[PDB]
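Novice: First portion of the complex, with coordinates as positioned in the assembly:
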Amino acid sequence: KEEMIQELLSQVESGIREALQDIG
Amino acid sequence: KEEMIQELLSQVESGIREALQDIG
Amino acid sequence: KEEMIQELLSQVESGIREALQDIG
Amino acid sequence: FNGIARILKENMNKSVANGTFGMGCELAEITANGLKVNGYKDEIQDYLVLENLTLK
C-alpha cells in the first residue's frame, strides 16, 4: 500500500542514473 | 497490481523528456 | 486508485528538484 | 537522488573541460624537436608564427 512509493522511487533513481552513466 | 510501475515509469519518462524539450 | 500517480509524480519532482538545488 | 545530481555535475565538468580544450591563448617554449606547449604531452612540429617574429 505504501511500499510502492519506495519501490518505484528506487526504480526511477536506478533508471535515470543508469541511463546517465551509459550515455555519458 | 504490477502494471502501475510500467504506467508511471512511462509517465515520468514522458513528462521529464517533454519538459526538457519544451524549455530547452 | 488513481491518486497514487499524482502523489508519486509530486514526490519524484520534489526529490529531483531538491537534490539538484542541494548539490548545485 | 543526490547520486544523479553528482553524476550530472561530473558530466557538466566533463563537457565544459572538453569544450574548453584546444582554445584560448597558452604559454609555450621552443625546442629542437619543435614547439612545446604547456599542458601538451607532445611537441608540435608544424606551427605558424607572426610575421614580425621572422625578422633577420
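Specialist: Everything's here; your move. Residues are numbered from 1 along each chain as shown, chains lettered A, B, ... in the order given.
Novice: From here on, just use CA atoms for contacts and neighbour counts.
Specialist: Fine.
Novice: Quick one: residues contacting the nearest residue to residue D:44 once chain neighbours are set aside.
Specialist: In space, residue D:44 comes closest to residue D:35 once its chain neighbours are excluded; the distance is 5.0 Å by C-alpha to C-alpha, 6 or more residues apart in numbering or on different chains. Listed by C-alpha atoms under 8 Å, 6 or more residues apart in numbering or on different chains, the contact set of residue D:35 reads D:28-29, D:43-47.
Novice: Minimum distance to chain B, which residue of chain A gives it?
Specialist: Using C-alpha to the nearest C-alpha, the single residue of chain A nearest to chain B is residue A:8, 6.7 Å away.
Novice: so that residue is in which element?
Specialist: helix A:3-23 (DSSP states H and E).
Novice: Show residues contacting that helix.
Specialist: B:5, B:9, C:8, C:12, D:1, D:3-4, D:7-8.
Novice: same deal with stretch D:45-56?
Specialist: D:33-35.
Novice: Which of those fall within strands?
Specialist: Counting by DSSP state E, the part of the contacts of stretch D:45-56 found in strands is residue D:35.
Novice: which residues touch residue D:4?
Specialist: By C-alpha under 8 Å, 6+ apart, the neighbours of residue D:4 are A:13, A:16-17.
Novice: secondary structure class for the residue nearest the centre of chain D?
Specialist: Taking C-alpha atoms, centre = their mean, the centroid of chain D lies closest to residue D:22, which sits 4.4 Å from it. Under DSSP: H, G, I helix; E, B strand; the rest coil, the three-state class of residue D:22 is coil.
Novice: how much space between residue D:33 and residue D:39?
Specialist: 16 Å (C-alpha to C-alpha, to the nearest Å).
Novice: of all of chain D, which residue lies closest to chain A?
Specialist: For chain D, C-alpha to the nearest C-alpha, closest residue to chain A: residue D:4, 5.5 Å.
Novice: would you say that residue is within a helix?
Specialist: Yes: with three-state DSSP as the criterion, residue D:4 is assigned to a helix.
Novice: any idea how far it lies from residue A:12?
Specialist: 11 Å.
Novice: Kindly incorporate the sequence below as chain E:
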Amino acid sequence: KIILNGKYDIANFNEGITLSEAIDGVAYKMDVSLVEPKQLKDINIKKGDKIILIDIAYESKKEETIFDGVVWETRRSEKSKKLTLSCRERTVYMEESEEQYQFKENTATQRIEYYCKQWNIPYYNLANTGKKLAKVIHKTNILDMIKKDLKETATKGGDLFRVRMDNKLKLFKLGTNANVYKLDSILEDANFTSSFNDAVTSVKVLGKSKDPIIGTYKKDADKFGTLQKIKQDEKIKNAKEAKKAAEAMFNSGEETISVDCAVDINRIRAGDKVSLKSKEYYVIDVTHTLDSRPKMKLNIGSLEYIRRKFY
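Specialist: Below, chain E sits with the chains from the block before:
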C-alpha cells in the same frame, strides 16, 4: 542458462538477466541479479571477475557465448541476501582511461589500430573505413576518441561503424548483421513515433579552416520548410568535405519504432539491421530480459535520423 564466472556455474542462483545495449552506449551491458546464500557467498564474487553467459542461440540452436565481459560492480543486500551484478564488456575500460594523442591526417582504422597497439587491446582484422580524417589533438577517453573519429568518418561519406568488444575488439559496421530478423511475427506491441524534432532541411557551413569554404545545401526546403542548421567544425577543411557533411545531416526528423517482442531474439545487438513489416530499420537500442519467460524490447529507427543524431 550458463553463467561461467571464473570456474563455477552460478546459473543455479540467478533470478534474471537483462542484456541491454545502446547505439551510443559505453558497452554491451548485462545486469544479472542473484540470490546469495552460503553457497554463493563462499566463492566471494568481487568486482573484476569475468562473466561469460552461454545460451542457446536463435540462429543454429547451439550453445554460444552471447556475452563475454567483466563484473564492473557488485551490490549486495543484507536483509534479503540478493547479490546484484552489472556486467560490462571491456569497452568500459576504454571509456574510463583518459589519454592525450596527437594525430596527423589519416583514417579511423589506423587510429583505432594505434590505440589498440598502444594500450595492448586484442583486436580482429579491422574493416577499412576508408574516410580520411583531418589532423586533430584529442584528450577525452579512448572510447571517446574512437567515437569522435568514427563520427568524423560518418561525416565525409564514410559508412557508420560501431566498436564492440566481444573477446577481442571488433569494428562493427551497422548494416552488416548476418540475419535480418523480422519482428512482425512476435510483435507484442509497437509504438510508431514520427516527428520533426531533429529534422534538418538546410545547413549553412561556415568553415573555420581554409581549403573560405562557405555554402548552403538545402535539400527539401519546399516540403518541410527551411529547417536550417549551421555546421562550424574545424575538421571540415574542404569543399567536398563540406558537401558530404551536409549530405550526411539531412533527415525528415525523428522516425523510430518502440518495438516490444514476446520472444527474445538472442543475437540482436545495437546497430543490427532488423525488419518490421516490409520496411527495414537499424537497432538504436535493444533490451533483452531473460526472466523465466525470455522477452525482448527494441527501439529502431531509420538510417537518416541515426546518422543525424548519433553521428
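Novice: Once more for the contacts of helix A:3-23, now including chain E?
Specialist: By C-alpha under 8 Å, 6+ apart, helix A:3-23 touches B:5, B:9, C:8, C:12, D:1, D:3-4, D:7-8, E:24-27.
Novice: For it, what is the distance to the chain centroid?
Specialist: 1 Å (C-alpha atoms, centre = their mean, to the nearest Å).
Novice: same deal with stretch E:198-207?
Specialist: 25 Å.
Novice: hey, C-alpha coordinates of it in CSV?
Specialist: C-alpha atoms of stretch E:198-207 as CSV (Å, rounded to 0.1, in the frame of the first residue of the first chain):
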residue,chain,number,x,y,z
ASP,E,198,15.6,16.7,-35.1
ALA,E,199,14.7,17.4,-38.7
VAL,E,200,17.4,19.1,-40.8
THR,E,201,16.4,20.6,-44.1
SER,E,202,19.2,23.1,-44.6
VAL,E,203,22.7,23.6,-43.4
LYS,E,204,24.9,26.7,-43.7
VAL,E,205,28.5,25.6,-43.4
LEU,E,206,30.9,28.3,-42.1
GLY,E,207,34.4,26.8,-42.4
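Novice: For residue E:203, list each beta-bridge partner.
Specialist: residue E:229 (DSSP bridges).
Novice: ok, back up a step: could you identify the buried members of the contacts of helix A:3-23?
Specialist: B:5, B:9, C:8, C:12, D:1, D:4, D:8, E:24-27 (16 or more other C-alpha atoms under 10 Å in any protein chain shown).
Novice: on that earlier part again, which pair of the contacts of helix A:3-23 spans the longest distance?
Specialist: C:8 and E:27 (32.2 Å; C-alpha to C-alpha).
Novice: Thought residue E:224 was touching residue E:202, still the case?
Specialist: No: between residue E:202 and residue E:224 there is no contact under C-alpha atoms under 8 Å: 10.3 Å.
Novice: Burial check on residue E:218, number of neighbours?
Specialist: 20 (other C-alpha atoms under 10 Å in any protein chain shown).
Novice: Return the distance of the closest residue to it other than its chain neighbours relative to residue E:154.
Specialist: Of all residues not flanking residue E:218 in the chain, residue E:202 sits nearest, at 4.0 Å (C-alpha to C-alpha, 6+ apart). Distance of residue E:202 to residue E:154, given as C-alpha to C-alpha: 18 Å.
Novice: same structure, new chain, call it chain F:
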Amino acid sequence: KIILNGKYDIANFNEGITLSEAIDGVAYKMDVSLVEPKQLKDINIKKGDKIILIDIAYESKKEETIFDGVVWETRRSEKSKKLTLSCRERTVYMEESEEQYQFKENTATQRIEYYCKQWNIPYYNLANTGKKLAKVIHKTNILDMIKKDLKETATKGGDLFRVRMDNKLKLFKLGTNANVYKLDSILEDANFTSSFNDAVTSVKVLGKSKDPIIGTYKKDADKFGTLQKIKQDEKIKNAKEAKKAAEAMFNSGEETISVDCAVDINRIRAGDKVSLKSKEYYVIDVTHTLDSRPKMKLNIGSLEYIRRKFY
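Specialist: Once chain F is put in with the chains from before, the structure reads:
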C-alpha cells in the same frame, strides 16, 4: 470541441486535449490524444498537418480559434489503436532553424521585423519595445535570438515582452491581457510558496566594455542581508544601462502560487495578468486539460521574480 485538421473534424475521436504553455517555453503546446480506428486511419494524419482547435471562449461564449498550429509529432500505438499528437504553433520552427546575423545598435522590434522579413514570417504590427540594444553577433536559433534581445530589452528598463505565434507573429507584452480573471472563485487548491531561493539584494557590476563602469546598487541589504550577484555582461556599456540592469534584477526571492482550478478559463495564456485573492500575478505557466470535465492548473508569480529569473 472542434478539431479541424486540414478538411475533416476529428473531434469525434479525441479522448482528451491538454493545452500547455510556459513563459519561457518554445511554443504554445497542444497535446491531443486520439483513438485511431479504420475511419481515422484512412485520412492518414502525418506530421506537418495543420490543427485548429475551436471551442466556446470564456469571454463572449462564441466559438473562437483558441489554437492554430501544426502537428509536430505523431505517435501511434498498434496493440491499442490510440494515435497521440503533440501539436505546436509555428514558433517551434523558429526554435529549430539556426542562422547567424550581425546587428548594429538598434531596438528589439527592428530586429524582430528583420528576422520576419528575412524568413518570410507573417507578423502583426509589432509593439515598439523602445529600449536600444548594443551591437551583437548571434548564432543561436531565431527564437533564441528573439529571446536574447528581449531579455536584453527587459534589462535597461524595457517592458517584458513575449512572442506568441497565432496565425501571424505577435509581440505580446506580459501585463496586457484584456480580462484580469479572478481565480479565487474556482480555487480547487492553491500552493503559496515563498523563498529566498533566487533572491537578489545586491549586484556588483563589472563592465567588460567601456562607456570602466563599475558599481554596486544594493537595494534591501539591511532586511534580507547582502544576497549579492555579479553582472559581467558586455552588453552593459553604459552607467545608466548598468543601473537599470541592477534595478531589473532585485527581488525578494521566489514567490509563486501553484494554483489548481476546477473550471478551465479557456483564454488564459503564459504571461497574462491574473488575480488570486486581492493580489495580481503573472502567469508563469498554464496547463489546461480538456477532458470530459474541463480543468485548468496554473503557476503564477510576481513581476520581480519573473524578471529576475526569466529575464
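Novice: let's see the contacts of helix A:3-23 again after adding chain F.
Specialist: Residues contacting helix A:3-23 (C-alpha under 8 Å, 6+ apart): B:5, B:9, C:8, C:12, D:1, D:3-4, D:7-8, E:24-27.
Novice: Mind doing that once more with 10 Å?
Specialist: A:24, B:2, B:4-6, B:8-9, B:12-13, C:4-5, C:7-9, C:11-12, C:15-16, D:1-8, D:11, E:21-29, E:92 (C-alpha atoms under 10 Å, 6 or more residues apart in numbering or on different chains).
Novice: now the residue nearest to the centre of chain D, nearest residue through space, not along the chain?
Specialist: Residue D:22 sits nearest to residue E:137 (C-alpha to C-alpha, 6+ apart), 8.0 Å away.
Novice: Next, the buried residues of the host helix or strand of residue E:244.
Specialist: If you go by DSSP H and E, residue E:244 is part of helix E:239-247. Within helix E:239-247, the residues that qualify as buried are E:239, E:241-247, counting by 16+ other C-alpha under 10 Å.
Novice: Count the neighbours of the closest residue to chain D within chain A for me.
Specialist: Chain A approaches chain D most closely through residue A:17 (5.5 Å), counting by C-alpha to the nearest C-alpha. Residues lying near residue A:17 (other C-alpha under 10 Å) number 18.
Novice: Counting neighbours, what do you get for residue 21?
Specialist: Because you didn't say which chain, this covers chain A. 15.
Novice: that answer is for a different chain, and I need it for chain D
Specialist: 12.
Novice: And the residue nearest the centre of chain E?
Specialist: Geometric middle of chain E (C-alpha atoms, centre = their mean) lands on residue E:23, at 3.0 Å.
Novice: which residues touch that residue?
Specialist: Residue E:23 neighbours (C-alpha under 10 Å, 6+ apart): A:23, E:162-163, E:174, E:269-272, E:282-286, E:306, E:310.
Novice: so of those, which ones are in helices?
Specialist: A:23, E:306, E:310 (DSSP state H).
Novice: where do the strands sit along the stretch 201-311 of chain E?
Specialist: Assigned by DSSP state E, counting those that start in this stretch, the stretch 201-311 of chain E shows strands spanning E:202-206, E:214-216, E:228-229, E:255-261, E:273-276, E:279-290, E:294-301.
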